[PDB]
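Some notes on the structure that comes next.
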Amino acid sequence: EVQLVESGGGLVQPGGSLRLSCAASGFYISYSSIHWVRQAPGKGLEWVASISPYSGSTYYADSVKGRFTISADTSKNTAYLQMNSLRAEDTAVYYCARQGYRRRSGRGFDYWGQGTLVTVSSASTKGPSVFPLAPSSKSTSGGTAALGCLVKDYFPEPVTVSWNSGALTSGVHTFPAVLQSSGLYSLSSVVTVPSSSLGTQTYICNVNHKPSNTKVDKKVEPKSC
Amino acid sequence: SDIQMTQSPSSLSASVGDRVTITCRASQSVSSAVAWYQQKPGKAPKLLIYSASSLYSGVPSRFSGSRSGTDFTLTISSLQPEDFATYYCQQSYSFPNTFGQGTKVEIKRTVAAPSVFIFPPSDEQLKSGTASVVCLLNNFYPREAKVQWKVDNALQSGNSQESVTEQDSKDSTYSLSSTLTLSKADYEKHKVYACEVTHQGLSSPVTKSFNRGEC
RNA sequence: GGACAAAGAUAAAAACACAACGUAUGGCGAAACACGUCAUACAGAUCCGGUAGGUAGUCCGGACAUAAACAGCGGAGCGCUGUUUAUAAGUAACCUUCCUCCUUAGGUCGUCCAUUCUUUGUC
Ligand SMILES: Nc1ccc2cc3ccc(N)cc3nc2c1
Ligand SMILES: [Mg+2]
Ligand SMILES: [Mg+2]
Ligand SMILES: [Mg+2]
């Protein structure tokens, strides 16, 4: 019944402003404290800001002091986080959380949102360049060889990878994307197949990057000799 | 002065049915205004314990919290498969609120050697003007492994990026990919590229290598 | 016997009025702060002298304690130390003696109790 939905995230350039919203359902925000907590990708939770009930008192963390403003609009039952002069270090998933009733849940945060992603980067949306990783030309070790695709130099997240148009789903590991010095992401998706099938069976990886409207089907095959 | 919450251990390996304890130490008094949470990858945190001893409504009994001075512990009496996640502690005694650095709870498993493969740069990429060489370490445990790239038996540093997968649901092992990104010209100036993996399961370093311009 | 006098013992003893802000802690209110409310505590009625013998929670004077303002010291804010001021209105009002052309005032003298018994000196 109780729910919090954040929205308004996205990609903003460094030094630019963004405004996050936290729409509540199943409760009135006026009777609770509202908190914003961010989590940088691959990092832990970081408390960002809080607004108290019936006073409007605002508390902020040092990392955001002076650049972030937490507000509440009771008539729209919505909390807000205004971020100005944003920098790359602010890139994170931002959750809004309700603080619980002190008698029932103390000062713990009893309900959270799904989060919203904020990416601060000067990179422009690029379509991924998918390359082929050939199965070992020499006999594989264990009787099963590995063939994969490299989804490189794409911004922003995410991409989706299927194999053989989704027919091949067992043994596929899609690795987490790594940000390279270029500011563009790169990842690889690999699958293990029986080595008897490498000459007989054709393997295709299907990479989709919706933000750039990029669909690519790349065939990975053993190389000459 | 802001309050610091120091959580130990950063990572713990355990098995189903284990009793697990995670501690948090506060730089100053925080009274009992401490809470614990469970975040599963890609999901929002869920409240586990409030007021540092109280079980939140609907949370399983196995979870408990204890306070000794400024040290707080979260204990699971018997682990269950759904209980493997990252756990966080938070102080709410004085603003600004601070969170612990986190503790990841992972399945304990047999030492497993990585199966190592090496993928040379594709021709399309060399036509694009960059070269990437990918080493794959597959289905190994524990997650502690090292990769040493060697161009012409020369150790390379700072040109390699690594990525590791979350523990598999069925094999409970981690896979790692190491990518070496060199200029197409530099990739064309060296005849031997190798990937050297040193892991507990590997009694000796296991190296898989290719040469520039060979099949 | 009675009177005057001194020296003792004993007892007595001040009218009217005495206010209103607020602060702190904790609990509660859908409630970390603010706010509202309730409970408790604080908000000089300490000590001494004098006030023609005495009686002071309120006098007059001083000391001390506590609060505010100002100055100084240590690592704008914070903590202390020192000085000044304040700690009701009010010893205001009424009555009353004296003085001064602050005279449609200012100051000042009063407003209460001082009983009973003992010794001695001289008539
Ligand atoms: N209203 C008054 C006026 C004068 C006063 C003089 C006094 C002298 C001594 C004492 N012990 C109590 C007194 N009380 C007084 C009360
Ligand atoms: Mg006196
Ligand atoms: Mg009296
Ligand atoms: Mg007076």
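Labels used: A, B, ... for chains in the order of the structure tokens, numbers from 1 for residues in each chain, and numbers from 1 for ligands as shown.
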- Task: Find the residues around residue 133 (chain A) up to 7 Å (only C-alpha atoms (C1' of nucleotides) counted), leave out those fewer than 2 positions away in its own chain, and share them as a ChimeraX atom specification.
- Result: /A:131,135,147-149,220 /B:119,122
Any chance you could export the current selection's C-alpha atoms as a short mmCIF file (atom, residue, chain, number, x, y, z; two decimals), in the first residue's frame?
```cif
data_model
loop_
_atom_site.label_atom_id
_atom_site.label_comp_id
_atom_site.auth_asym_id
_atom_site.auth_seq_id
_atom_site.Cartn_x
_atom_site.Cartn_y
_atom_site.Cartn_z
CA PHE A 131 33.42 -6.73 -32.46
CA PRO A 135 36.74 -19.25 -30.48
CA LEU A 147 33.21 -17.39 -28.30
CA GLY A 148 32.08 -13.82 -27.41
CA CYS A 149 31.30 -10.26 -28.69
CA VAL A 220 31.41 -14.98 -34.34
CA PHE B 119 40.89 -13.70 -27.60
CA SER B 122 39.31 -8.73 -34.27
#
```
- Who sits within 12 Å of residue 5 (chain C), only C-alpha atoms (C1' of nucleotides), same chain under 2 positions skipped, as a list in words: residues 3, 7, 120, 121, 122 and 123 of chain C
Could you build a table of the residues in chain A lying no more than 9 Å from chain B, giving for each the nearest pair of atoms and their separation in Å rounded to one decimal place, using only C-alpha atoms, ordered by chain and ascending residue number, as a Markdown table?
```
| residue | atom | partner | partner_atom | distance |
| --- | --- | --- | --- | --- |
| A:43 | CA | B:101 | CA | 8.5 |
| A:44 | CA | B:101 | CA | 6.0 |
| A:45 | CA | B:99 | CA | 6.6 |
| A:46 | CA | B:99 | CA | 6.5 |
| A:47 | CA | B:97 | CA | 6.1 |
| A:48 | CA | B:97 | CA | 8.4 |
| A:49 | CA | B:96 | CA | 8.1 |
| A:50 | CA | B:96 | CA | 8.7 |
| A:59 | CA | B:96 | CA | 6.9 |
| A:60 | CA | B:96 | CA | 6.6 |
| A:61 | CA | B:96 | CA | 5.8 |
| A:62 | CA | B:96 | CA | 8.4 |
| A:95 | CA | B:44 | CA | 7.6 |
| A:104 | CA | B:56 | CA | 8.4 |
| A:105 | CA | B:50 | CA | 6.0 |
| A:106 | CA | B:51 | CA | 5.6 |
| A:107 | CA | B:92 | CA | 6.4 |
| A:108 | CA | B:50 | CA | 5.5 |
| A:109 | CA | B:47 | CA | 6.5 |
| A:110 | CA | B:47 | CA | 5.5 |
| A:111 | CA | B:46 | CA | 7.4 |
| A:112 | CA | B:44 | CA | 6.4 |
| A:113 | CA | B:44 | CA | 6.7 |
| A:114 | CA | B:44 | CA | 5.7 |
| A:115 | CA | B:44 | CA | 7.1 |
| A:129 | CA | B:125 | CA | 8.8 |
| A:131 | CA | B:122 | CA | 6.5 |
| A:132 | CA | B:122 | CA | 6.0 |
| A:133 | CA | B:119 | CA | 5.7 |
| A:134 | CA | B:119 | CA | 6.4 |
| A:135 | CA | B:119 | CA | 7.5 |
| A:136 | CA | B:119 | CA | 7.3 |
| A:137 | CA | B:215 | CA | 7.0 |
| A:140 | CA | B:117 | CA | 8.5 |
| A:141 | CA | B:115 | CA | 7.8 |
| A:142 | CA | B:115 | CA | 8.5 |
| A:145 | CA | B:117 | CA | 8.4 |
| A:146 | CA | B:117 | CA | 7.2 |
| A:147 | CA | B:119 | CA | 8.6 |
| A:148 | CA | B:119 | CA | 8.8 |
| A:173 | CA | B:165 | CA | 7.6 |
| A:174 | CA | B:165 | CA | 7.9 |
| A:175 | CA | B:165 | CA | 5.9 |
| A:176 | CA | B:163 | CA | 6.2 |
| A:177 | CA | B:163 | CA | 7.5 |
| A:178 | CA | B:163 | CA | 6.9 |
| A:180 | CA | B:161 | CA | 8.1 |
| A:187 | CA | B:163 | CA | 8.3 |
| A:188 | CA | B:177 | CA | 7.9 |
| A:190 | CA | B:136 | CA | 8.6 |
| A:223 | CA | B:215 | CA | 6.5 |
| A:224 | CA | B:215 | CA | 5.6 |
| A:225 | CA | B:215 | CA | 5.2 |
```
- When the cut-off is 9 Å and you count only C-alpha atoms (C1' of nucleotides) and all ligand atoms, which residues lie near ligand 2, shown as a ChimeraX atom specification? /C:48-50,56
Selection export as a PDB file, in the first residue's frame, atoms kept: N, CA, C and O atoms (P, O5', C5', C4', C3', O3' and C1' of nucleotides):
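Output below, filename selection.pdb:
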```pdb
ATOM      1  P     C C  48      22.616  36.604  59.977  1.00  0.00           P
ATOM      2  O5'   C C  48      23.349  38.001  59.806  1.00  0.00           O
ATOM      3  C5'   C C  48      24.682  38.123  60.240  1.00  0.00           C
ATOM      4  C4'   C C  48      25.227  39.507  60.058  1.00  0.00           C
ATOM      5  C3'   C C  48      24.476  40.658  60.682  1.00  0.00           C
ATOM      6  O3'   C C  48      24.715  40.730  62.075  1.00  0.00           O
ATOM      7  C1'   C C  48      25.089  41.245  58.493  1.00  0.00           C
ATOM      8  P     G C  49      23.711  41.543  63.021  1.00  0.00           P
ATOM      9  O5'   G C  49      23.961  43.047  62.569  1.00  0.00           O
ATOM     10  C5'   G C  49      25.213  43.643  62.873  1.00  0.00           C
ATOM     11  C4'   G C  49      25.357  45.022  62.297  1.00  0.00           C
ATOM     12  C3'   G C  49      24.277  46.007  62.700  1.00  0.00           C
ATOM     13  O3'   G C  49      24.486  46.525  64.003  1.00  0.00           O
ATOM     14  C1'   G C  49      24.601  46.136  60.396  1.00  0.00           C
ATOM     15  P     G C  50      23.222  46.970  64.886  1.00  0.00           P
ATOM     16  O5'   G C  50      22.779  48.358  64.249  1.00  0.00           O
ATOM     17  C5'   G C  50      23.719  49.410  64.065  1.00  0.00           C
ATOM     18  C4'   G C  50      23.184  50.410  63.082  1.00  0.00           C
ATOM     19  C3'   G C  50      21.807  50.945  63.423  1.00  0.00           C
ATOM     20  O3'   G C  50      21.850  51.993  64.371  1.00  0.00           O
ATOM     21  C1'   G C  50      21.868  50.289  61.159  1.00  0.00           C
ATOM     22  P     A C  56      13.458  40.736  63.362  1.00  0.00           P
ATOM     23  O5'   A C  56      12.613  40.751  62.025  1.00  0.00           O
ATOM     24  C5'   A C  56      12.216  41.993  61.474  1.00  0.00           C
ATOM     25  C4'   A C  56      11.867  41.835  60.030  1.00  0.00           C
ATOM     26  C3'   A C  56      12.998  41.215  59.220  1.00  0.00           C
ATOM     27  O3'   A C  56      12.469  40.556  58.070  1.00  0.00           O
ATOM     28  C1'   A C  56      12.722  43.439  58.543  1.00  0.00           C
TER      29        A C  56
END
```
- Around ligand 4, at most 12 Å away and counting only C-alpha atoms (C1' of nucleotides) and all ligand atoms, which residues are there? Put them as number ranges by chain, please. C: 44-45, 57-60, 86-92
For N, CA and C atoms (P, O5', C5', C4', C3', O3' and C1' of nucleotides), I'd like the residues from the last selection saved as a PDB file, in the first residue's frame.
```pdb
ATOM      1  P     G C  44      13.155  36.339  41.147  1.00  0.00           P
ATOM      2  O5'   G C  44      13.978  35.824  42.439  1.00  0.00           O
ATOM      3  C5'   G C  44      15.320  36.324  42.691  1.00  0.00           C
ATOM      4  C4'   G C  44      15.740  35.898  44.077  1.00  0.00           C
ATOM      5  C3'   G C  44      14.854  36.428  45.218  1.00  0.00           C
ATOM      6  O3'   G C  44      14.206  35.368  45.912  1.00  0.00           O
ATOM      7  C1'   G C  44      17.186  36.763  45.699  1.00  0.00           C
ATOM      8  P     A C  45      12.698  34.956  45.547  1.00  0.00           P
ATOM      9  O5'   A C  45      12.159  33.945  46.691  1.00  0.00           O
ATOM     10  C5'   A C  45      12.939  33.695  47.892  1.00  0.00           C
ATOM     11  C4'   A C  45      13.087  34.966  48.694  1.00  0.00           C
ATOM     12  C3'   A C  45      13.250  34.810  50.210  1.00  0.00           C
ATOM     13  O3'   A C  45      14.586  34.479  50.572  1.00  0.00           O
ATOM     14  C1'   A C  45      11.691  36.557  49.704  1.00  0.00           C
ATOM     15  P     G C  57      11.656  39.174  58.247  1.00  0.00           P
ATOM     16  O5'   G C  57      11.543  38.625  56.762  1.00  0.00           O
ATOM     17  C5'   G C  57      12.645  38.009  56.116  1.00  0.00           C
ATOM     18  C4'   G C  57      12.529  38.263  54.642  1.00  0.00           C
ATOM     19  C3'   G C  57      12.307  39.743  54.358  1.00  0.00           C
ATOM     20  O3'   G C  57      13.531  40.412  54.125  1.00  0.00           O
ATOM     21  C1'   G C  57      10.624  38.452  53.291  1.00  0.00           C
ATOM     22  P     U C  58      13.662  41.990  54.381  1.00  0.00           P
ATOM     23  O5'   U C  58      12.705  42.585  53.268  1.00  0.00           O
ATOM     24  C5'   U C  58      13.155  42.847  51.954  1.00  0.00           C
ATOM     25  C4'   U C  58      12.052  43.494  51.165  1.00  0.00           C
ATOM     26  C3'   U C  58      11.871  44.969  51.484  1.00  0.00           C
ATOM     27  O3'   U C  58      12.208  45.746  50.340  1.00  0.00           O
ATOM     28  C1'   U C  58       9.756  43.822  51.413  1.00  0.00           C
ATOM     29  P     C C  59      13.592  46.544  50.344  1.00  0.00           P
ATOM     30  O5'   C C  59      13.323  47.456  51.610  1.00  0.00           O
ATOM     31  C5'   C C  59      12.389  48.511  51.515  1.00  0.00           C
ATOM     32  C4'   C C  59      12.759  49.656  52.404  1.00  0.00           C
ATOM     33  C3'   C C  59      14.178  50.179  52.271  1.00  0.00           C
ATOM     34  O3'   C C  59      14.275  51.154  51.255  1.00  0.00           O
ATOM     35  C1'   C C  59      13.708  49.739  54.547  1.00  0.00           C
ATOM     36  P     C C  60      15.507  51.155  50.229  1.00  0.00           P
ATOM     37  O5'   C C  60      16.595  51.785  51.184  1.00  0.00           O
ATOM     38  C5'   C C  60      16.578  53.176  51.475  1.00  0.00           C
ATOM     39  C4'   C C  60      17.673  53.475  52.446  1.00  0.00           C
ATOM     40  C3'   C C  60      18.966  52.866  51.983  1.00  0.00           C
ATOM     41  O3'   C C  60      19.604  53.636  50.988  1.00  0.00           O
ATOM     42  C1'   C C  60      18.615  52.259  54.217  1.00  0.00           C
ATOM     43  P     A C  86      21.028  48.814  39.466  1.00  0.00           P
ATOM     44  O5'   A C  86      20.097  47.584  39.065  1.00  0.00           O
ATOM     45  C5'   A C  86      19.107  47.686  38.058  1.00  0.00           C
ATOM     46  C4'   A C  86      18.518  46.332  37.750  1.00  0.00           C
ATOM     47  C3'   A C  86      18.018  45.522  38.941  1.00  0.00           C
ATOM     48  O3'   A C  86      16.705  45.885  39.322  1.00  0.00           O
ATOM     49  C1'   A C  86      19.378  44.154  37.579  1.00  0.00           C
ATOM     50  P     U C  87      16.294  46.025  40.867  1.00  0.00           P
ATOM     51  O5'   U C  87      15.981  44.516  41.272  1.00  0.00           O
ATOM     52  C5'   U C  87      15.068  43.759  40.489  1.00  0.00           C
ATOM     53  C4'   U C  87      15.228  42.271  40.684  1.00  0.00           C
ATOM     54  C3'   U C  87      15.261  41.795  42.122  1.00  0.00           C
ATOM     55  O3'   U C  87      13.968  41.722  42.685  1.00  0.00           O
ATOM     56  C1'   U C  87      16.986  40.734  40.910  1.00  0.00           C
ATOM     57  P     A C  88      13.688  42.429  44.095  1.00  0.00           P
ATOM     58  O5'   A C  88      12.105  42.381  44.250  1.00  0.00           O
ATOM     59  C5'   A C  88      11.334  43.569  44.129  1.00  0.00           C
ATOM     60  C4'   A C  88      11.275  44.075  42.706  1.00  0.00           C
ATOM     61  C3'   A C  88      10.520  45.398  42.529  1.00  0.00           C
ATOM     62  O3'   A C  88      11.342  46.549  42.553  1.00  0.00           O
ATOM     63  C1'   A C  88       9.515  43.760  41.184  1.00  0.00           C
ATOM     64  P     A C  89      10.827  47.882  43.286  1.00  0.00           P
ATOM     65  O5'   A C  89       9.393  48.137  42.631  1.00  0.00           O
ATOM     66  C5'   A C  89       9.267  48.593  41.287  1.00  0.00           C
ATOM     67  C4'   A C  89       7.824  48.819  40.904  1.00  0.00           C
ATOM     68  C3'   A C  89       7.094  49.806  41.789  1.00  0.00           C
ATOM     69  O3'   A C  89       7.359  51.143  41.422  1.00  0.00           O
ATOM     70  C1'   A C  89       5.749  47.884  41.457  1.00  0.00           C
ATOM     71  P     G C  90       7.125  52.306  42.496  1.00  0.00           P
ATOM     72  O5'   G C  90       7.482  51.552  43.853  1.00  0.00           O
ATOM     73  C5'   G C  90       8.507  52.026  44.715  1.00  0.00           C
ATOM     74  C4'   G C  90       8.539  51.241  46.001  1.00  0.00           C
ATOM     75  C3'   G C  90       9.137  49.831  45.986  1.00  0.00           C
ATOM     76  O3'   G C  90       9.944  49.712  47.154  1.00  0.00           O
ATOM     77  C1'   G C  90       6.962  49.814  46.962  1.00  0.00           C
ATOM     78  P     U C  91      11.360  50.465  47.250  1.00  0.00           P
ATOM     79  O5'   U C  91      11.044  51.593  48.332  1.00  0.00           O
ATOM     80  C5'   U C  91      11.181  51.346  49.720  1.00  0.00           C
ATOM     81  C4'   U C  91       9.859  51.372  50.457  1.00  0.00           C
ATOM     82  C3'   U C  91       9.412  52.729  50.976  1.00  0.00           C
ATOM     83  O3'   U C  91       8.770  53.492  49.971  1.00  0.00           O
ATOM     84  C1'   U C  91       9.159  51.100  52.675  1.00  0.00           C
ATOM     85  P     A C  92       8.342  55.028  50.206  1.00  0.00           P
ATOM     86  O5'   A C  92       7.346  55.299  48.990  1.00  0.00           O
ATOM     87  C5'   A C  92       7.797  55.774  47.731  1.00  0.00           C
ATOM     88  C4'   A C  92       6.812  55.385  46.657  1.00  0.00           C
ATOM     89  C3'   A C  92       5.376  55.859  46.843  1.00  0.00           C
ATOM     90  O3'   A C  92       5.145  57.159  46.342  1.00  0.00           O
ATOM     91  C1'   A C  92       5.379  53.540  46.386  1.00  0.00           C
TER      92        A C  92
END
```
